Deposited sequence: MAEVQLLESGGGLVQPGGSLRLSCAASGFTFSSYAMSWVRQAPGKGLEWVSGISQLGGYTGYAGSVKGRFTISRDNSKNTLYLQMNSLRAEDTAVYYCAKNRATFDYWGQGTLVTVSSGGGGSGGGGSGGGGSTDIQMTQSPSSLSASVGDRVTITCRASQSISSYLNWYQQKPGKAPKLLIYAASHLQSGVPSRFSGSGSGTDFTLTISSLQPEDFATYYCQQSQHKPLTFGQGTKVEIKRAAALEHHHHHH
């Protein structure tokens, strides 16, 4: 039912410009804040920008401040990211996502190639296990964040998916072998019995304070 369809990526020279589009369907687009999150090749997820329902409030990561502009056209159910003065450091897959701080749906990602914060730390950074094993992943916040903690799963080549929100709530449709626990500064995601489709990188993310930050990712290999 919910789809976020991205377009507009490509290859540009340093200093160049691109515009990304994210077409939404299956939910009431104008009722939700919308966001952009990027991922440089082989690296973790990084929040880039967000925009309120009617466009009056926007936010940008410090590194793109003044060069990127987020906008939306509610009458076309479309979110945009205008990217000027592109730098090598901007090379990444760009995801749009629904909501401000709990990203319950993600676009498929579009590749752009140019050629005080709350720190989240995950343990382990990677692990190799076998079908049927129990896996636990720890996420620590550098300050107390109560229950404002989400978990995402990202299979190789794919967009992230929300698994757990607000520390312990199972997102609709997620298998019950996934569970979340914890509070304050220490949180855990548990996969009670690892299935073959669970090989993926898992990310925690605090939803309480700007700028939004992700853990570095835990790669679960088989």
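- Unmodelled regions of the deposited chain sequence (numbering from residue 1, in sequence order): 1-2, 118-133, 241-253.
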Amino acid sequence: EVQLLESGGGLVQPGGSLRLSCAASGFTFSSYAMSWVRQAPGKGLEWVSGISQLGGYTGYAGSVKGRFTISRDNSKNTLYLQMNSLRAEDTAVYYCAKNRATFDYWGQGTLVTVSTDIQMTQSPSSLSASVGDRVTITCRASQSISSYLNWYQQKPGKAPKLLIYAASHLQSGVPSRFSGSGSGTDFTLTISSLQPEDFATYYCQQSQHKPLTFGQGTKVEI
From here on, numbers count along this sequence of modelled residues.
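- Stretches 145-153 and 103-111 differ in mean C-alpha B factor, with the higher average recorded for 145-153.
- Stretch comparison (21-29 versus 8-16) by mean CA B-factor in the PDB entry places 8-16 on top.
- Out of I191, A61, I51, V37, the entry records its largest CA B-factor for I191.
- When the C-alpha B factors of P160, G44, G66, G173 are read from the deposited coordinates, the top value falls at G173.
- In the deposited entry, the Cα temperature factor of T121 sits in the middle third of values across the chain's modelled residues.
- Per the deposited record, the Cα B-factor of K98 falls in the lowest third when ranked against the other modelled residues of its chain.
- Ranked within its chain, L127 lands in the middle third, by CA B factor from the PDB record.
- In the deposited entry, the Cα temperature factor of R87 sits in the middle third of values across the chain's modelled residues.
- In this PDB entry, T136 carries a Cα temperature factor that places it within the highest third of its chain's modelled residues.
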